[PDB]
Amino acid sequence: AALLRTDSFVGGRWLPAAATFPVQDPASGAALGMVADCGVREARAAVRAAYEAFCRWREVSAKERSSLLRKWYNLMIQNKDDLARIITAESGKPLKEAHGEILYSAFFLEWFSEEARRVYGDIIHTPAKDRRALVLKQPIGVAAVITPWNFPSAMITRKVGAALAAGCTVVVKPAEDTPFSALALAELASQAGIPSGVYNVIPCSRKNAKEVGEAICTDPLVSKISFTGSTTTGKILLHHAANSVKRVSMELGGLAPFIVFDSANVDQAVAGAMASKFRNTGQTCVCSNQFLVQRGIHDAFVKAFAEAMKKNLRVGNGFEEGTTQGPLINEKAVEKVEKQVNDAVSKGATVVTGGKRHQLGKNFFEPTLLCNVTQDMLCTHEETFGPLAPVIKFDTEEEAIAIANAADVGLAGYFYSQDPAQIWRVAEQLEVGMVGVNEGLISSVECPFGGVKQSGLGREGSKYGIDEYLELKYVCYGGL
């Protein structure tokens, strides 16, 4: 339809840039389009548009902003199949997974639509009969939103929905690998009636990424930064934000431990492992799962896991019926996966199921399962995504928790057990922002997502998401 766009979206208008960059299907290599490659000039212009829109948008009633967000949601649902095809075309993930992301993405707009009318202030008792204490909550202002390629749609709506519900406006800088989903949302934002300048998208290529990222994370007109991506880029943006003391919410990619204890239901643990690592229809995080299995259940688990990989995983093009494993995003991605596999094996690891490039070549790699993997074998690959599952054996619960709690790891965590007391211990002791108990797919728009320690700042979704875009104002009404 008119959903596939190549121009940037600023101030309610489609604007081309001086340059453009190619976007190709990660599965077939086919050209998808020449997208505007916005530079610093265009980024400042977008910020200004967002800033001027803010002054008006903050004035719109919560009920009206709520209504607009819902219309945007309804439009997403009405075009959900085409929106899913766009995700599959640019990210390469299988259609089913794409359909899954779109639902979550739409559900975020709907969820915050409902949150918009529930920004509550407080009335507090103070000793002095002289005054009354009021606490108001007001929108921060303009927010720079920067998202990864992994979930080209859901990562934007969970942020932008909260921002708009609070009364803020945004300037979105989507991933060069997947800009279409961001622009498709723009088309629907205008169809929904979102006022000009409230939702802006400035696509840009790798070479403009740094410059643009700095421009929007330093502009005096921007008061908030929301980023989801690599630790390297995240720390760079955090420094930009430091110079003007901007509010920041962040989520950095990393490892996610998946622990299987002796009392776990094996088939369930395997199913969870499967859905979690190979057929993720959610959007929990830019986290790659790695397995810790207890000696007792180890062998049985590894065997059943491999058997499920052979029975359920079908590598191929994401648009084709029955495809379960799409391509990696690019050649660099394949290389990183190869690295981890080879270095692991060269250290004692054992491959259980094909650990090499797929016969289809290009960006496809074989679903790989390795055992006899050791703790130290994960170094320098903390951010290596791909169909690679290293299994590390452990003897005791204490041992597993210590391994999992290796600092720098604090996003999502998962574990299978049938011991009530163990379930509470591990869930509370695991140093992460999210824990899945006997479940591998834990995405939910009504729950808080984010990381602890160096995995991030702030939370998204749930009743807490909107707070990232709000400022408290204490009002001492005296003279009484």
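Don't overthink the numbering: it's just position in the shown sequence, from 1.
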Quick check on the record: does 287-295 or 146-154 carry the larger mean Cα temperature factor? 287-295
State which stretch shows the higher mean Cα B factor in the entry: 299-307 or 379-387. 379-387
Selection from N330, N79, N200, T88 [criterion: highest C-alpha temperature factor in the record]: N330
Checking the entry, which one of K362, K137, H240, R132 has the top C-alpha B factor? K362
Taking the values exactly as deposited, rank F107 by C-alpha B-factor within its chain and report the matching third: lowest, middle or highest. lowest
Where does the C-alpha B-factor of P127 rank in its chain, lowest, middle or highest third? middle
Should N74 be placed in the lowest, middle or highest third of its chain by the C-alpha B factor in the entry? middle
Of the three thirds of the chain ranked by Cα temperature factor, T231 occupies the middle
With respect to C-alpha B-factor, does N372 fall in the lowest, middle or highest third of the chain as deposited? highest
